[PDB]
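Here we start with a single chain on its own, the form deposited without the partner chain, put down as structure tokens.
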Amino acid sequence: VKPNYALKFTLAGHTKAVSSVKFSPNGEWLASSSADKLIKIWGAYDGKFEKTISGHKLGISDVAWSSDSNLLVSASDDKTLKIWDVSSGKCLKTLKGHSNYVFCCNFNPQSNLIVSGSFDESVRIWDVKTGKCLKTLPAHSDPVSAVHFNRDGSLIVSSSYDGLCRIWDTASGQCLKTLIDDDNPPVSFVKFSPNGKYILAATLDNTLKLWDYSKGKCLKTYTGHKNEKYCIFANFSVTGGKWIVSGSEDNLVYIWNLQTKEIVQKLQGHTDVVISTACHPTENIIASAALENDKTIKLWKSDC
């Protein structure tokens, strides 16, 4: 079985490279962040532009949704995160304390916490209600490229250019596992599988790997794409067939069979590096977005 993703919409409006797209948990919305300092909200099914959210003083590298789809958090080169009320567009809180660019962010499932990663080599855990920093983890010895909570929020996984993935106990901030592999290539992305048992990690040697968190073992590797320079988002697709989805520096979206590791589809149409992909929570829909020469977001639909 192979998917048949086809282009449905191209969404234009960002005036610089797009950095990150994410579907709302309720499936209604796509949020996008950009080097142009803006967040934009779009209808997930009709592609209709809904609104622009502004206030950061420099570009935004990441954005993430609360579980109830009512809040957004953004990570910016202005060294802050911001918490936004989506319906009003207002900045509820500015999270201050990182000493360099904030690169990555995520809510926990309860959505009382935010985790952030920075070029300052730290991971920070923040209280949503007060905006205070609860914990600073001395997580890595190089920029932190990704941070993600597991399905109940008890664990954080982080990745770094230092070549490590680390698993942290949320409650205590203590490191539970370090993933190392061979020649330590920079790790550009990491995230938990939906069941929380596996971790998907990208390295800047054109490689994706699936790790069993319990065992410390690599189970699958995925290759054929181009990834040497950028921190590109990758995904588990679970609404139909079980795929791995990733952007690529050859301007394509790559889709693999998770079990067999065979490439099952490449989505053509972007005209610059595909820096971000996202998988819709219930429909077989992919959102992709590209860098400077393109600046658009594409929505794609498949029967499986």
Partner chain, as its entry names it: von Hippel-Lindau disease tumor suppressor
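Numbering follows the first chain given and starts at 1.
Omitted here: the form deposited with the partner chain bound. The next part is about that form.
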Check: Does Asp142 reach the partner chain in the deposited bound form, with heavy atoms at most 4.5 Å apart?
Finding: yes
Check: Counting only non-hydrogen atoms and a 4.5 angstroms cut-off, does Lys229 reach the partner chain in the deposited bound form?
Finding: yes
Checklist line | the partner chain contact in the deposited bound form: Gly89, any heavy atom under 4.5 Å | finding: no
Note to self: Under a 4.5 Å heavy atom criterion, is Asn184 part of the interface with the partner chain in the deposited bound form?
What the structure shows: yes
Next item on the list: Check each of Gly224, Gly173, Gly131, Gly163 and return the one that places a heavy atom within 4.5 angstroms of the partner chain in the deposited bound form.
Entry: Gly163
